[PDB]
Every structure is written in structure tokens, then in C-alpha cells.
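There is one chain below, alone, in C-alpha cells, taken in the form deposited without this ligand.
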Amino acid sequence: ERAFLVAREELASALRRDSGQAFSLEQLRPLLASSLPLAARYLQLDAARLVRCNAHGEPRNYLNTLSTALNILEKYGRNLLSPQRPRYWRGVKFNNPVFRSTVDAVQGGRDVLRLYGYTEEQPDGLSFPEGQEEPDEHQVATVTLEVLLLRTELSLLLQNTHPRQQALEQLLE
């Protein structure tokens, strides 16, 4: 069994190497099967607050709401990593149909975009600082990895198949 930080460096480097790479549960397992608390396993993504500050209704509902947001946030990350970045990548509008209906439905969703590099705030959206030519590839890959990892954990929790199901359910309010 690979060490936590060993597997983490490996996965993050692979995602940076190939932006469209799919990760299996077998690869991700050392990251989510760890006995470490949720707040300790995530070093960039604020997974703890995401789970806690969006506990509205039953877990069957809000975990799916969170999963939907995480699915889109992952796409935002992979876009920044792609060899050909999509047009208009330097900014995300709050009134964007995709963002508004998926990411902005969760508290902390905008903070994830800030982690990607969208740190400058205007009343109409977030964007990269003027003068910053390229995204921080190492940072984006790390955040993207943690986003897809968290979505994976929520999927397992919903399927009642998470290796640390019993412990993680205590985080569900």
C-alpha cells in the first residue's frame, strides 16, 4: 500500500502531465482510505467547509448538490491545464448559466475558483490578475486532483461503499 504523500505526488504529477487523464478508484484509494481526518487529507481544497457549510436537507440531496458543483469545478481545472485552453478562460462571470446553476449553488464554490487563480473580484465575476500570463500549473493540478477526489468520496458515501464510511458519516449534518 502506497503512502499517502507518495500516491498524492504521483497522481498530481500525472494530471499535470495529461490534463484529460482519468483516475481509477485503485489509484485514488490511498488518498481516501487514509485514517487521517478530512481536514488533514486536503491541503488546498477546503473540503471540510464544503461538506459542513452546505448541509441543507438530507445527505441524499446536498451531497448530490455538492457533487454537481465538484463535477463542474473539475472541468474548470482541466481547462486551465489543457494544451489548448478554451476561449475566455481568464475570467468567470457569476451570471454564466453553467456556473450559476451548478457551482454557485454551493457555499465555498467561488473559493475553489480563487484557488485556481481567479483571485480578482468584480461585482460581475472573478478573473485572473492583469499581468499574470499563465495559470499556476502545479497549483491547478493539485486543486483539480483534490476536487475530483472529493467528488469520488461523495460518490462512495452515497453508495455506502466508502472504506471510511462509518467515520465520514459523522461529518454529515
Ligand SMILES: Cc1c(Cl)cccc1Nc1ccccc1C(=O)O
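We number the residues from 1 along the sequence you see.
Keep in mind that the form deposited with this ligand bound is missing from the display, and what follows is about it.
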property: 4.5 Å heavy atom contact, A7 and this ligand in the deposited bound form; result: no
property: Interface membership of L154, this ligand in the deposited bound form, 4.5 Å heavy atom rule; result: yes
property: Contact test in the deposited bound form: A48 vs this ligand, heavy atoms, 4.5 Å; result: yes
property: 4.5 Å heavy atom contact, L15 to this ligand in the deposited bound form; result: no
property: Listed range touching this ligand, judged in the deposited bound form by heavy atoms within 4.5 Å, from 135-143, 116-124, 35-43, 22-30; result: 35-43
property: Residues within stretch 135-173 having a non-hydrogen atom within 4.5 Å of this ligand in the deposited bound form; result: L150, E153, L154, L157, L168, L171, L172
